[PDB]
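What follows is the content of work_33.cif, which has mmCIF, C-alpha atoms:
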```cif
data_start
#
loop_
_atom_site.label_atom_id
_atom_site.label_comp_id
_atom_site.auth_asym_id
_atom_site.auth_seq_id
_atom_site.Cartn_x
_atom_site.Cartn_y
_atom_site.Cartn_z
CA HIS A 20 -3.53 -3.26 28.15
CA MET A 21 -7.03 -2.13 27.02
CA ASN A 22 -10.28 -3.97 25.98
CA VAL A 23 -13.19 -2.98 23.64
CA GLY A 24 -15.54 -1.54 26.25
CA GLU A 25 -12.68 0.46 27.78
CA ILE A 26 -11.67 2.17 24.52
CA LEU A 27 -15.25 2.66 23.31
CA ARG A 28 -16.28 4.25 26.64
CA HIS A 29 -13.21 6.53 26.67
CA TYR A 30 -13.65 7.62 23.03
CA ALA A 31 -17.40 8.25 23.54
CA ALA A 32 -16.39 10.45 26.53
CA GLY A 33 -14.26 12.54 24.13
CA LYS A 34 -10.82 11.01 24.84
CA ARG A 35 -8.50 11.08 21.78
CA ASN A 36 -5.09 10.43 23.38
CA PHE A 37 -4.45 6.70 23.13
CA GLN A 38 -0.71 6.88 22.54
CA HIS A 39 1.31 3.77 23.45
CA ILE A 40 -1.81 1.75 24.33
CA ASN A 41 -1.68 -2.03 24.03
CA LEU A 42 -4.71 -3.15 22.03
CA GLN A 43 -3.31 -6.52 20.83
CA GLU A 44 -5.98 -8.84 19.41
CA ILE A 45 -8.90 -6.43 20.08
CA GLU A 46 -11.96 -6.64 17.80
CA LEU A 47 -13.38 -3.34 16.57
CA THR A 48 -15.04 -4.48 13.32
CA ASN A 49 -17.40 -1.87 11.83
CA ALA A 50 -16.61 0.61 14.65
CA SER A 51 -15.20 4.16 14.51
CA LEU A 52 -12.21 5.73 16.28
CA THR A 53 -11.90 8.55 13.75
CA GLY A 54 -9.39 11.27 14.73
CA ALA A 55 -7.95 9.24 17.63
CA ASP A 56 -4.23 9.57 18.40
CA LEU A 57 -2.82 6.03 18.50
CA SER A 58 0.84 6.99 17.98
CA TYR A 59 3.22 4.23 19.15
CA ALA A 60 0.25 1.93 19.97
CA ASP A 61 0.35 -1.85 19.74
CA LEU A 62 -2.43 -3.03 17.42
CA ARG A 63 -0.88 -6.33 16.47
CA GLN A 64 -3.28 -9.05 15.30
CA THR A 65 -6.27 -6.72 15.85
CA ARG A 66 -9.52 -7.25 13.99
CA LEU A 67 -10.38 -3.84 12.51
CA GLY A 68 -12.33 -4.89 9.41
CA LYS A 69 -14.55 -2.17 7.92
CA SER A 70 -13.74 0.21 10.76
CA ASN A 71 -13.36 3.97 10.47
CA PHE A 72 -9.81 5.04 11.32
CA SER A 73 -9.87 8.02 8.94
CA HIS A 74 -7.74 10.99 10.08
CA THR A 75 -6.18 8.99 12.91
CA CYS A 76 -2.59 9.52 14.07
CA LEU A 77 -0.84 6.16 13.96
CA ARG A 78 2.76 7.34 13.80
CA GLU A 79 5.15 4.47 14.51
CA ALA A 80 2.27 2.18 15.61
CA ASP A 81 2.53 -1.58 15.21
CA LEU A 82 -0.28 -3.21 13.20
CA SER A 83 1.67 -6.36 12.21
CA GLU A 84 -0.59 -9.25 11.21
CA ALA A 85 -3.69 -7.09 11.81
CA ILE A 86 -6.92 -7.79 9.92
CA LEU A 87 -7.75 -4.46 8.31
CA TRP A 88 -9.93 -5.53 5.42
CA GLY A 89 -12.01 -2.65 4.04
CA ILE A 90 -10.72 -0.34 6.77
CA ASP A 91 -11.04 3.36 6.15
CA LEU A 92 -7.57 4.82 6.79
CA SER A 93 -8.10 7.89 4.59
CA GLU A 94 -5.79 10.77 5.53
CA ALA A 95 -4.43 8.78 8.51
CA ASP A 96 -0.76 9.37 9.48
CA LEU A 97 1.00 5.96 9.51
CA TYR A 98 4.52 7.46 9.36
CA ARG A 99 7.07 4.65 9.95
CA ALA A 100 4.24 2.35 11.11
CA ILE A 101 4.77 -1.42 11.03
CA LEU A 102 2.14 -3.29 8.99
CA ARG A 103 4.13 -6.46 8.34
CA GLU A 104 1.75 -9.08 6.86
CA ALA A 105 -1.29 -6.88 7.57
CA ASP A 106 -4.44 -7.66 5.58
CA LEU A 107 -5.47 -4.40 3.90
CA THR A 108 -7.68 -6.05 1.25
CA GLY A 109 -10.15 -3.48 -0.13
CA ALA A 110 -8.90 -0.82 2.29
CA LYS A 111 -9.50 2.86 1.68
CA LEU A 112 -5.99 4.40 1.77
CA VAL A 113 -6.72 7.70 0.01
CA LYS A 114 -4.07 10.30 0.87
CA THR A 115 -2.83 8.02 3.66
CA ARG A 116 0.71 8.84 4.85
CA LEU A 117 2.77 5.62 4.92
CA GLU A 118 6.26 7.02 4.48
CA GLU A 119 8.95 4.52 5.48
CA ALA A 120 6.24 2.10 6.68
CA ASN A 121 6.87 -1.64 6.75
CA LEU A 122 4.34 -3.40 4.46
CA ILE A 123 6.35 -6.56 3.93
CA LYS A 124 4.08 -9.45 2.86
CA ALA A 125 1.00 -7.23 3.31
CA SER A 126 -2.13 -7.83 1.20
CA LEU A 127 -3.44 -4.64 -0.44
CA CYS A 128 -5.64 -6.40 -3.01
CA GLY A 129 -8.34 -4.07 -4.37
CA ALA A 130 -7.23 -1.24 -2.02
CA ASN A 131 -7.67 2.37 -3.02
CA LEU A 132 -4.25 4.05 -2.54
CA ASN A 133 -5.07 7.15 -4.57
CA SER A 134 -2.58 9.93 -3.74
CA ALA A 135 -1.14 7.88 -0.83
CA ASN A 136 2.46 8.55 0.31
CA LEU A 137 4.44 5.29 0.51
CA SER A 138 7.84 6.95 -0.18
CA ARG A 139 10.70 4.64 0.96
CA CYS A 140 8.29 1.99 2.28
CA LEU A 141 9.14 -1.75 2.35
CA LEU A 142 6.75 -3.80 0.20
CA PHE A 143 8.72 -6.99 -0.15
CA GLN A 144 6.50 -9.79 -1.59
CA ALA A 145 3.32 -7.71 -1.01
CA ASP A 146 0.12 -8.71 -2.82
CA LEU A 147 -1.44 -5.92 -4.86
CA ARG A 148 -3.48 -8.10 -7.29
CA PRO A 149 -7.25 -7.39 -7.60
CA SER A 150 -9.62 -8.34 -4.79
CA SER A 151 -12.83 -10.17 -5.83
CA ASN A 152 -14.41 -6.69 -6.23
CA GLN A 153 -11.87 -4.37 -7.95
CA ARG A 154 -8.27 -3.94 -9.15
CA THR A 155 -5.81 -2.16 -6.86
CA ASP A 156 -5.79 1.61 -7.42
CA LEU A 157 -2.43 3.34 -6.98
CA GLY A 158 -3.29 6.45 -9.01
CA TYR A 159 -0.86 9.31 -8.13
CA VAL A 160 0.76 7.20 -5.38
CA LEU A 161 4.27 8.20 -4.18
CA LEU A 162 6.53 5.14 -4.09
CA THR A 163 9.79 7.07 -4.43
CA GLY A 164 12.79 4.99 -3.23
CA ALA A 165 10.44 2.19 -2.01
CA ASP A 166 11.40 -1.45 -2.25
CA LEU A 167 8.75 -3.62 -3.96
CA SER A 168 11.04 -6.58 -4.73
CA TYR A 169 8.89 -9.64 -5.54
CA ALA A 170 5.62 -7.66 -5.09
CA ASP A 171 2.62 -8.81 -7.16
CA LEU A 172 1.00 -5.85 -9.00
CA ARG A 173 -0.85 -7.76 -11.75
CA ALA A 174 -3.75 -5.65 -13.10
CA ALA A 175 -2.89 -2.80 -10.73
CA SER A 176 -3.77 0.69 -11.89
CA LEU A 177 -0.74 2.99 -11.45
CA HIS A 178 -1.74 6.12 -13.43
CA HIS A 179 0.70 8.97 -12.70
CA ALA A 180 2.39 6.95 -9.95
CA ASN A 181 5.88 8.03 -8.86
CA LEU A 182 8.24 5.03 -8.60
CA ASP A 183 11.44 7.09 -9.02
CA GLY A 184 14.48 5.30 -7.58
CA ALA A 185 12.24 2.38 -6.46
CA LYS A 186 13.46 -1.23 -6.38
CA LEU A 187 11.08 -3.34 -8.48
CA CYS A 188 13.32 -6.42 -8.81
CA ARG A 189 11.30 -9.48 -9.81
CA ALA A 190 8.02 -7.50 -9.32
CA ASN A 191 5.06 -8.78 -11.40
CA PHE A 192 3.36 -6.12 -13.54
CA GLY A 193 1.73 -8.66 -15.93
CA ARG A 194 -1.86 -9.57 -16.78
CA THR A 195 -4.13 -11.51 -14.52
CA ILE A 196 -6.60 -13.88 -16.20
CA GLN A 197 -8.73 -13.78 -13.03
CA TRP A 198 -9.58 -10.13 -13.67
CA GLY A 199 -10.45 -9.40 -17.31
CA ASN A 200 -6.88 -10.32 -18.38
CA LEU A 201 -5.97 -6.75 -17.32
CA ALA A 202 -2.29 -5.88 -17.20
CA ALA A 203 -0.75 -3.38 -14.78
CA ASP A 204 -1.37 0.10 -16.16
CA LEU A 205 1.50 2.54 -15.61
CA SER A 206 0.20 5.24 -18.02
CA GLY A 207 2.00 8.53 -17.26
CA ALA A 208 3.88 7.00 -14.29
CA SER A 209 7.45 8.04 -13.49
CA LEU A 210 10.06 5.28 -12.91
CA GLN A 211 13.20 7.42 -13.24
CA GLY A 212 16.27 5.52 -12.05
CA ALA A 213 14.09 2.61 -10.89
CA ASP A 214 15.57 -0.89 -10.74
CA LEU A 215 13.18 -2.97 -12.89
CA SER A 216 15.61 -5.83 -13.27
CA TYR A 217 13.91 -9.22 -13.90
CA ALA A 218 10.48 -7.55 -13.49
CA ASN A 219 7.55 -8.98 -15.48
CA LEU A 220 6.31 -6.13 -17.70
CA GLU A 221 4.67 -8.38 -20.35
CA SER A 222 1.69 -6.51 -21.88
CA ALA A 223 2.14 -3.79 -19.23
CA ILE A 224 0.82 -0.38 -20.23
CA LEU A 225 3.76 2.01 -20.20
CA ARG A 226 2.29 4.76 -22.37
CA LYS A 227 4.04 8.10 -21.68
CA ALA A 228 5.82 6.49 -18.68
CA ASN A 229 9.26 7.91 -17.79
CA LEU A 230 11.86 5.10 -17.70
CA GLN A 231 14.90 7.37 -17.98
CA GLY A 232 17.92 5.94 -16.12
CA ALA A 233 15.92 2.80 -15.16
CA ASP A 234 17.55 -0.66 -15.12
CA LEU A 235 15.73 -3.10 -17.41
CA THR A 236 18.25 -5.99 -17.06
CA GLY A 237 16.44 -9.29 -17.63
CA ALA A 238 13.02 -7.57 -17.57
CA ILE A 239 10.26 -9.11 -19.71
CA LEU A 240 8.94 -6.39 -21.98
CA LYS A 241 7.14 -8.52 -24.58
CA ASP A 242 3.99 -6.80 -25.92
CA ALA A 243 4.27 -3.86 -23.50
CA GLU A 244 2.55 -0.66 -24.66
CA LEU A 245 5.44 1.81 -24.91
CA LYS A 246 4.02 4.62 -27.03
CA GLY A 247 5.40 7.95 -25.88
CA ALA A 248 7.48 6.38 -23.09
CA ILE A 249 10.84 7.95 -22.31
CA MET A 250 13.24 5.01 -22.54
CA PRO A 251 16.20 4.49 -20.15
CA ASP A 252 18.52 6.28 -22.61
CA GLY A 253 16.18 9.30 -22.77
CA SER A 254 14.84 8.50 -26.25
CA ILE A 255 11.05 8.64 -26.85
CA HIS A 256 9.47 5.38 -27.97
#
```
Mind converting the file's structure to structure tokens?
Amino acid sequence: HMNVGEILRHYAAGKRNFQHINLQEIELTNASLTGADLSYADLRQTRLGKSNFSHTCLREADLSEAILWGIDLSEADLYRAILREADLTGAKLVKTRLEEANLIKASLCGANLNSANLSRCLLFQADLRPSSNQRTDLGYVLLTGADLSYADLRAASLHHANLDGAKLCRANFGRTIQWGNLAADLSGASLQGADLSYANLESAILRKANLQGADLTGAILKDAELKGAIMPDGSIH
């Protein structure tokens, strides 16, 4: 049941073990707790904008409805963490470990998720459209077996992303007029056995993407860039 001065004093003193601590609603904007162990901690509705939580342990922590805009979570371990409806707009999520995390209704607009591990995460209705500053970067992200049903990925960059076995039902990979009319760019991505049914792939860039075994039932593929893509049947477009 800990306040700002308490945690800042303890961390300054060299304390790193904050497992299970209740920090609900705390404000730590612009501050650093880098390397702290916050496994199993309660960070719900915290205000952590622009803070430095790089290399933190946040295994199975609860950050539901937290304000995490522009947070640095690079290389943090968020294994099975709960980030339901968290605001991660413009967050740095480079090599962040988010395996089996709950990101339902989260905003990740303009976040950098380069090489992040979101294997088997829940991303139902998440917002991954551009922020006012940049498109969302999911280069080399692992989204294997994740569920992104209804997620909004317009203009997202997904170069070499792994979406194998992912559920992408009704996900939006189209252009956004707000951001240069850029479509989602899945160049070189793998979507083997993915469920793309009813997904919007209009003008999506699918060059050299692997769609083998994927379900395209009802998907909108009008004007998609398919050159070199492996089609569901294994043929090369």
Open item on the list: Using Å and a single decimal, report how far CA of residue 95 in chain A sits from CA of residue 212 in chain A.
Closed with: 29.4 Å
TODO: Rank A:200, A:126, A:191, A:176 by their smallest atom-to-atom distance to residue 224 in chain A, using only C-alpha atoms, and report the top residue only.
DONE: A:176
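When all atoms listed in the file are used to measure the gap to residue 189 in chain A, the shortest distance among A:135, A:161, A:174, A:235 belongs to A:235.
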Open item on the list: Translate the PyMOL selection byres ((chain A and resi 99) around 7) into a concrete residue list for this structure, as an MDAnalysis selection string.
Closed with: chainID A and resid 78:79 97:98 100:101 117:120
Task: Explicit residues for the PyMOL selection byres ((chain A and resi 178) around 12) (as a PyMOL selection string) - done: chain A and resi 132-134+155-161+174-177+179-182+203-210+224-229
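Of the residues under consideration (A:89, A:237, A:193, A:251), A:193 shows the shortest atom-to-atom contact distance to residue 223 in chain A when counting all atoms listed in the file.
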- [ ] Kindly give the distance, in Å, that separates CA of residue 125 in chain A and CA of residue 171 in chain A, rounded to a single decimal.
- [x] 10.7 Å
TODO: Kindly give the distance, in Å, that separates CA of residue 65 in chain A and CA of residue 129 in chain A, rounded to a single decimal.
DONE: 20.5 Å
- [ ] Dig up all the protein and nucleic acid residues within 9 Å of (-1.3, -12.8, -0.5) in the file frame, using all atoms listed in the file, and format them as a list in words.
- [x] residues 104, 106, 124, 125, 126, 127, 128, 144, 145, 146, 147, 148 and 171 of chain A
